[PDB]
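Take 3 as the starting number for the sequence shown in PDB author numbering and just add one per residue.
Cβ atoms here follow ideal geometry from the backbone N, Cα and C, with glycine treated the same way.
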Amino acid sequence: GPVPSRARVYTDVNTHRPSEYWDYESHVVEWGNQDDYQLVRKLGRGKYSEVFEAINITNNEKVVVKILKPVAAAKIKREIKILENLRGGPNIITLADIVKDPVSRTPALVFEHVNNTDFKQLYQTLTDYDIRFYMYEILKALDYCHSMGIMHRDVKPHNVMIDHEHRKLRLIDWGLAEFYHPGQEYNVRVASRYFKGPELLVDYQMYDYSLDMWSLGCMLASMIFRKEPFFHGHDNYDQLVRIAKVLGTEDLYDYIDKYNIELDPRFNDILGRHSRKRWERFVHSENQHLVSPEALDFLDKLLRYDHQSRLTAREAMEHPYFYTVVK
Ligand SMILES: O=C(CCNCc1ccc(-c2ccccc2)c(Cl)c1)NCCC(=O)Nc1cccc(C(=O)O)c1
Numbered sequence: 003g004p005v006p007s008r009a010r011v012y013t014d015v016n017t018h019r020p021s022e023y024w025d026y027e028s029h030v031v032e033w034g035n036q037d038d039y040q041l042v043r044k045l046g047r048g049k050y051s052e053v054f055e056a057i058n059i060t061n062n063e064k065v066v067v068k069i070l071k072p073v074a075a076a077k078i079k080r081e082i083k084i085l086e087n088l089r090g091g092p093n094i095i096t097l098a099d100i101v102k103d104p105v106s107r108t109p110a111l112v113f114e115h116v117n118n119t120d121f122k123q124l125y126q127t128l129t130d131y132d133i134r135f136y137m138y139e140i141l142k143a144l145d146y147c148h149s150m151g152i153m154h155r156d157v158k159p160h161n162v163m164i165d166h167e168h169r170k171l172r173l174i175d176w177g178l179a180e181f182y183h184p185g186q187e188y189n190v191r192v193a194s195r196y197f198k199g200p201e202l203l204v205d206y207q208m209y210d211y212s213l214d215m216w217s218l219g220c221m222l223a224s225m226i227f228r229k230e231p232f233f234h235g236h237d238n239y240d241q242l243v244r245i246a247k248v249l250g251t252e253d254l255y256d257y258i259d260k261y262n263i264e265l266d267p268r269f270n271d272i273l274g275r276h277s278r279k280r281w282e283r284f285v286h287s288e289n290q291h292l293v294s295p296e297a298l299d300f301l302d303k304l305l306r307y308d309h310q311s312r313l314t315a316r317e318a319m320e321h322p323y324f325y326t327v328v329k
């Protein structure tokens, strides 16, 4: 069947560390006091949780409370363990407490307060410099979690908190994150449609940290080219065709042939034959101020079919695209 794959970096992290580190199911939660928190207002609702502005009445500090919706107990312990493992890491959201919500009877995670700059304002007014600055901040978070043997699996703007007034960034919502274990087959139903890596789209389960680097590439492409989303698929199948119309079909076939992956025969009628496009074709007078030869070269090294060939987060930090960023 398919040829196995392993990450080219951080394969050994979960071997070198003790079992309690990654064996999330064995972790015992020391529950905090739910009466310490007063909910102020709802901030958002997703498929797996509701997030609220809150006050920790014990220290009069603003906090964010994420109340989990009833789901498998394994998904809840996994997020808790990942958050505790990553706590203190650069640009990782800080988990401050874990309480039992009295109404839902589910865990409520308490985080450090965040103040999101309006999403439309960020998309529409971040400069070329600000894009590079914040991309570098995301890379610090990704190299940290990858170096800690964790893949985020849901990198997208909704999961990046930017307090522009304070040049502060946090990588949030670790609910889909997982521990990377070489040879482990993972669920391909992760990430939002437009951010899914070719590995997910061809049903290749032995993926790794490099999935996050593809999603980072999609987020960057959309920002610099002013095309939201960059790969605009109608469904999961058309999503791969949209990617093939840019990266070309020849390299897609080279990719699946390397891993002995067979495409779903549904693709025989819809994929066609497409040449690889030069990135300069997406440049126009309304996005030229966000594009540079360095930006294109960086994007070219993230958006590769072969998950083993993409820049890693640490290599990405060395790229000329970030030379202008004050470090
Ligand atoms: O929806 C959001 C985030 C919204 N992000 C907006 C945004 C993020 C990045 C970029 C960006 C793109 C390319 C390059 C550089 C930057 C842009 Cl243009 C916009 N926040 C509101 C909800 C919230 O704060 N949730 C939350 C808070 C704390 C913890 C958790 C959690 O699940 O752990 C959730």
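- Closer than 6 Å to some heavy atom of ligand 1: that does not describe the Cβ of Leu-254.
- Relative to ligand 1, the nearest heavy atom lies less than 6 Å away from the CB of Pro-159.
- The DSSP-derived three-state label of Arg-195 is helix.
- A straight line joining the alpha-carbon of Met-163 with that of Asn-118 spans about 6 Å.
- If you check the C-beta of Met-221 against ligand 1, you find a heavy atom less than 6 Å away.
- Counting the other Cβ atoms within 10 Å of the Cβ of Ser-224 gives 16 or more, which makes it buried.
- Residue range 121-127 is occupied by the alpha helix (DSSP H) that includes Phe-121.
- Counting the other Cβ atoms within 10 Å of the Cβ of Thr-60 gives fewer than 16, which makes it exposed.
- When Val-116, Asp-214, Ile-100, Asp-132 are compared, the shortest CA-CA separation from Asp-156 is found for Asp-214.
- Per DSSP, reduced to three states, the secondary structure at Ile-95 is coil, with no helix or strand assignment.
- Every unbroken stretch of the beta strand (DSSP E) spanning 3 or more residues and falling wholly within the stretch 12-98 is given here in chain order: 39-47, 51-58, 63-70.
- At least one heavy atom of ligand 1 sits closer than 6 Å to the Cβ of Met-225.
- In terms of Cβ geometry, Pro-4 and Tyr-261 form a close pair [threshold 7 Å].
- Between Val-192 and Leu-178, the C-beta gap is smaller than 7 Å, which places the two residues in contact.
- If the five residues before and after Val-15 are omitted, its C-beta is found closer than 8 Å to the C-beta atoms of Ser-149, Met-150, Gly-151, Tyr-182, all from its own chain and listed in chain order.
- Beta-bridge analysis with DSSP links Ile-164 to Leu-171.
- Distances taken from the Cβ of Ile-174 to the heavy atoms of ligand 1 include one shorter than 6 Å.
- Remark: the C-beta of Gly-46 is in contact range of ligand 1, defined as less than 6 Å to any heavy atom.
- The alpha-carbon separation between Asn-289 and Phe-113 amounts to approximately 36 Å.
- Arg-43 and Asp-175 have their C-alpha atoms spaced approximately 19 Å apart.
- Look at the beta carbons and you see the stretch 278-295 not touching the stretch 97-105: under three pairs across the two are nearer than 8 Å.
- Residue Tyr-39 holds the alpha-carbon nearest to the alpha-carbon of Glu-63 among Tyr-50, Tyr-39, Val-53.
- Excluding residues up to 5 positions away in sequence, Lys-44, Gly-46, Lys-68, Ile-69, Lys-71 lie with their Cβ nearer than 8 Å to the Cβ of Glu-52 in the same chain.
- DSSP lists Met-153 as the bridge partner or partners of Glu-180.
- Here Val-101 is bridged, per DSSP, to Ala-110.
- About 5 Å separates the beta carbons of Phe-227 and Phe-284, which is inside the 8 Å limit, making them a contact pair.
- DSSP places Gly-219 within a helical segment (H, G or I) once states are collapsed to three.
- Within the same chain, Cβ atoms closer than 7 Å to the Cβ of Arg-134 are found at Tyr-323, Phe-324, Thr-326, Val-327, the five residues on either side in sequence being excluded.
- Boundaries of the alpha helix (DSSP H) harbouring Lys-303: 295-304, taken from the DSSP string.
- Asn-118 carries a coil assignment under DSSP once its states are collapsed to helix, strand and coil.
- At least one heavy atom of ligand 1 lies closer than 6 Å to the C-beta of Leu-124.
- Judged by DSSP secondary structure, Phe-269 falls within the alpha helix (DSSP H) whose first and last residues are 269-272.
- Following the DSSP letters along the chain, one finds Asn-238 inside the alpha helix (DSSP H) bounded by residues 238-249.
- For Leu-292, no alpha helix (DSSP H) segment is defined, and its DSSP state is neither H nor E.
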